Each structure stands twice: as C-alpha cells, then as structure tokens.
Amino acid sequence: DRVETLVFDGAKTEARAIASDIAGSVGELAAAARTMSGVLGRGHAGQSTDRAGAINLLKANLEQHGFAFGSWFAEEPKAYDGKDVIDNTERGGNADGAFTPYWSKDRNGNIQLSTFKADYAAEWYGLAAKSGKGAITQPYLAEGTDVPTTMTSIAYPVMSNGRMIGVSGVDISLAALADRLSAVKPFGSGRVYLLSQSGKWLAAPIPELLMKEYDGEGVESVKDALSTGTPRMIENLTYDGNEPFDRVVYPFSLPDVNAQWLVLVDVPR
C-alpha cells in the first residue's frame, strides 16, 4: 500500500534518528566505563591508587556524564587490597565483606556512596567476566540505589597485570532512556518506545511493562526483526477502539557492548 509504505518509511527515518542518538549516548558511556576500568586496573598494577582513592576516582564518571545514573566497581574476592572490609560504606564494604563501591543518584538528584552485594552470577558481573569484553545487561532492578530504580548496566573487566581483579561499570536508568525519547521528539500523536536485546521493555507506554518481555500484537515480527536485524512493521494493532495504529520495529546495534536494541515507533491512522 502507498499509505502503509509511506508510514513505514517516515517511521524508519525517525527511528534511524532515534537509534543514532541512543547508540551515541551508549557508546560514549561505554567508552567512559572502559576508560575507568583501565585507570582502576593500571592504578592497581602500579600501586598508584589505594582502596580509598579508587572510590575517589570512581565518582569522576558521574560528574562528567549526565546520562550515567551511577558508577560502580565489583572486585573479585580479596583482589584489590586484601584488607578487612566488613561493613564500612565509606570504604566500599558490604555486609558480605567485599570491596563494592557505588556512586549513584538519590531521590533529589544528588550523588551518594552506596554499596551492593557481590552477585558474581548476576548479568552485570557475569557477562563481562565470562566474555572478557565489555557488555550490557538486560534491564534489572538495582539494589544499592537510594530508591529502587530500574536500570541497564554497561560493565567492563578490570585488569591488573594480565589477571582480572573485578568488574567496573556504568548505569543508565530506564527513566533516563524514557527522557531522551521525549527530548528527541515523538511522531506528533506518535509515540516511540524501546526494546532490549531480548525484546524486554526498556521504554514502554505504562511503567508496569518495563523489564517484561514483549508479547503484544505482532510479537513474532519482533522476534524476526531481532534475528534479521532489519526493520519490521506490525500493521493495525489497537490499544482498544480508540485509535488504531501501526508499530514499526527498528533494530540497531549498540556500539561496544555487543548487543542491539529495538526502537518502536507508533504511528496512528
């Protein structure tokens, strides 16, 4: 159809715009995470930074990049400095007794020093540690944040003389993503959303959908778009009665973290 084709093109053109903005923001944070992983690693190799200073330096990633919700480092057990660590949040000690510093934002938009559990099998640690390369997580509810907040994490292995000593990473709150999708505008009576590597909701119509897997109308096309990496269009779906619209899905590779996301662009009839 010449109408549906034009809707498909216009939505594609705008999804292309949205994807390069998200991909750019992501790639820039990934670079800041990888840099931090380096200075934490080299600072360990040459005893240029103690455990106290590692916390000092870790705050730089939030002061310089507003799009990062938090900056953290989970240390392989006893790896950093081997000192006793039980419960000293000002020195990166969790209840488990492990070096886990965490700078994050609180409810009022200020920076606080938190601490988290060393869940080595968790995506934010396992992915980067098993591949040896930078990685990005499926959306998950963060623990060490002041207020519970749903975020995705870009994590990199921290190396010290050819042996890894832990994982450092940066966070993108699911709200920050939602904000960007309104800073660069929707279709005008058009809404844009965002799916994760596996089709989980990163930016959704209602917040109840976040972190859940897509199973609305046109689900198979989402799975097929995710495979081919090419765009699909779900025709005529209804948030019921009121105005029906088309759902265009637009995969796009994220720069350094070995993953792709879907832009969803909703255009009403």
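A residue's number is simply how far along the shown sequence it sits, counting from 1.
The stretch with the higher mean CA B factor, choosing between 97-105 and 134-142, is 97-105. Taking only CA atoms, the mean B-factor in the PDB entry is higher for 56-64 than for the other of 56-64 and 205-213. When the Cα B-factors of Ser37, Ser221, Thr49, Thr228 are read from the PDB record, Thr49 comes out highest. Per the deposited record, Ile86 carries the highest C-alpha B-factor of all listed residues (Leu177, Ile86, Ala155, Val192). The deposited CA B-factor of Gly41 belongs to the middle third of values across its chain. Annotation for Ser160: CA B-factor lies in the highest third of the chain's modelled residues. Ranked within its chain, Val167 lands in the middle third, by CA B factor from the PDB record. Residue-level temperature factors show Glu28 in the lowest third of its chain, judged at the C-alpha atom. When the modelled residues of the chain are ordered by C-alpha B-factor, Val3 sits in the highest third.
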